[PDB]
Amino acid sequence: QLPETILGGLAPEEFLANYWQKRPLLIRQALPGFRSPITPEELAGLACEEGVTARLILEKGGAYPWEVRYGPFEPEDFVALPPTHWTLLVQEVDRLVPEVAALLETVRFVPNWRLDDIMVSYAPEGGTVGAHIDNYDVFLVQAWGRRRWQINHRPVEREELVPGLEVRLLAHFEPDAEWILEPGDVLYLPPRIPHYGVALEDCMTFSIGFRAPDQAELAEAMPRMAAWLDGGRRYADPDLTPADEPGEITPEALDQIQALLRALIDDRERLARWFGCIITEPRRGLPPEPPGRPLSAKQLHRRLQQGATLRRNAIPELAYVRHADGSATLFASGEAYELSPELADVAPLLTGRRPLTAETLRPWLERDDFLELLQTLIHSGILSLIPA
């Protein structure tokens, strides 16, 4: 009961051209009749599961103003909450609840790796996380109750924060726009747009977050390169002339060090595998899980033939690249699965916006290596099969 995309009347071409990473946009009834597949009770229970990332924010009624409590929680933590002015946040709910993941199928005009997760929030009256900015692109989907959103169309270059809070709040915030969202309508914000959301009632908000890496975040992911090197080129100086000053790291040494790093980065096939892995890797303490035992190539062939369907558990953790020689590499949850040039055409299909049925898998369904690939992907918990 969801439309193809989340832009309602708007076309993807126009949205990406005029809004994406540029201007805020409010879309009224983008998702008609969309109510939360989960309930505030179920959200709380979900926040009590170990390995899950959840936070309770109390503007008032806590030990001190804007108190933050970190999960995983237990049911005793919820009963002591005031009747008003607090918020429950839960990360990666799309990875915990397939019905929420289906909401992610409404934003496919953006590449999978740009997606982070769907964060679900619940708040009674007056509940808010305060005025703040993110580096995220975000679709703020109203799923229950009403929320008053205030923003400012001018992005924040240098953010002036409030000292020592545990949550990032702006010291000064004057909004030039204000809206009250009902279940179904969506508010898109590009990065660094200051926004202040306040629940008018018992409300839930599904936040579809995108994220793109910066230089520090790429630099910190560089050690993963070593997986494909097994040493690589080593610095050498057989032509070393002796040492005027032994302390000096000469420009000639920096040249070779720069040459060694450039060789890593400039090898596109290498950079493609590295980035594909570190960008699909689970960002938090929640990875996928193997089901039952491996369904053999035979059962997989038959079960799929009898009308079974394959489901993508984590769309944001699925990607691929095509190489120059025609080979491809499929990335799933941080692992790299190499595809021969013949088998390479499956990568778009598996990571695509299509349904994975016997009909769509027909050509490769005979090939043994393809069945072996689906085995290992189901094994690692990247794909789940479901009968009709």
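From 1 onward, residues are counted along the sequence shown.
286-294 versus 150-158: which one carries the higher mean Cα B factor per the record? Result of the comparison: 286-294.
Going by the average Cα B-factor in the PDB entry, point out whether 231-239 or 71-79 comes out higher. The deposited B-factors put 71-79 ahead on the C-alpha mean.
Per the entry's Cα B factor values, which of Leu377, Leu365, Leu25, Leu16 stands out as the maximum? The listed residue with the largest C-alpha B-factor is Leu365.
If I read the C-alpha B-factors straight from the PDB entry, which of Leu304, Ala314, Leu189, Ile279 is highest? Checking the PDB record, the top C-alpha B-factor among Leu304, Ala314, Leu189, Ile279 is at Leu304.
Tell me, lowest, middle or highest third: where does the Cα B factor of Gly184 rank within its chain? Highest third, going by the recorded CA B-factors of the chain.
Thinking about Cα B factors across the chain, which third does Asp325 belong to? Middle third, going by the recorded CA B-factors of the chain.
Of the three thirds of its chain by CA temperature factor, lowest, middle or highest, which one includes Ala319? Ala319: CA B-factor falls in the lowest third of its chain.
Per the entry's values, where does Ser340 land by CA temperature factor relative to the rest of its chain, in the lowest, middle or highest third? Middle third of the chain for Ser340's C-alpha B-factor.
Against its chain's modelled residues, does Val90's Cα B factor rank lowest, middle or highest third? Tercile = lowest for this residue's CA B-factor.
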